[PDB]
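Student: Mind having a look at this structure? Questions to follow.
Derivation of every value follows stated rules applied to the coordinates shown; laboratory data play no part. Heads up, the Cβs are rebuilt from the backbone with ideal geometry, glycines too, and the neighbour counts pull from every protein chain shown.
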Amino acid sequence: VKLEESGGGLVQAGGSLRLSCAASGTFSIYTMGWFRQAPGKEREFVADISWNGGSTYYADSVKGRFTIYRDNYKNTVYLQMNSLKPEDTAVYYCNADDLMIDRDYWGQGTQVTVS
């Protein structure tokens, strides 16, 4: 299992960005999620989505501005970010928690910088 993140980069405050996390490489199923990491700080939960898409959870800092969703055809989970703020600047990581074997997997991380 490999997770490849795409999107990100430099964005003006008030803008929007969509991050993607494409899974590749069997077939268990997964809780997929997004975390972010500011320099010198704890890893911060952002959002996650259940294996069948029926339940989503968001950190209070992003509720009402961010949306997590899954496109099964592309085997990709997405993070739509609106009204971006300097406080959102971080490396964003997607995670996949294998519910059959209790092992999780991580993307390489993608920088989002809000100017």
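Student: How about region 89-103: which of its residues are closer than 21 Å to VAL62 by Cβ and acidic (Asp, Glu)? Let's see the steps before the verdict.
Tutor: We begin by selecting, within region 89-103, every residue closer than 21 Å to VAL62 by Cβ; these are 89-97.
Within region 89-103, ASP97 is the sole residue that qualifies.
Student: Can you name the strands (runs of 3 or more DSSP E) wholly within region 8-115 that have at least 3 residues being under 10 Å from the mean Cα position of the chain (by Cα)?
Tutor: Output list reads 17-24, 30-37, 43-49, 66-71, 76-81, 90-98.
Student: Hey, can you tell me all the residues within region 7-30 that are among the small types (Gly, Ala, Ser), surrounded by 13 or more Cβ atoms within 10 Å (Cβ to Cβ) and closer than 15 Å to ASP71 by Cβ?
Tutor: Passing the criteria: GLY7, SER20, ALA22, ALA23.
Student: Please count how many residues of region 74-95 are touching a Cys at 6+ places or on another chain (Cβ under 8 Å) and within 22 Å of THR26 (Cβ to Cβ).
Tutor: Within region 74-95, residues that are touching a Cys at 6+ places or on another chain (Cβ under 8 Å) and within 22 Å of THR26 (Cβ to Cβ) number 3.
Student: Is it true that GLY109 is under 16 Å from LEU19 (Cα atoms), surrounded by fewer than 21 Cβ atoms within 10 Å (Cβ to Cβ) and small (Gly, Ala, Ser)? It would help to see each step written out before you state the result.
Tutor: On the way: under 16 Å from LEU19 (Cα atoms): yes; surrounded by fewer than 21 Cβ atoms within 10 Å (Cβ to Cβ): yes; small (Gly, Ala, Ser): yes.
Criteria met by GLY109.
Student: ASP98: touching a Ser or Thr at 6+ places or on another chain (Cβ under 6 Å) and not small (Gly, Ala, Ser), yes or no?
Tutor: Spelling it out, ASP98 is indeed touching a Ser or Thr at 6+ places or on another chain (Cβ under 6 Å) and not small (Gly, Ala, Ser).
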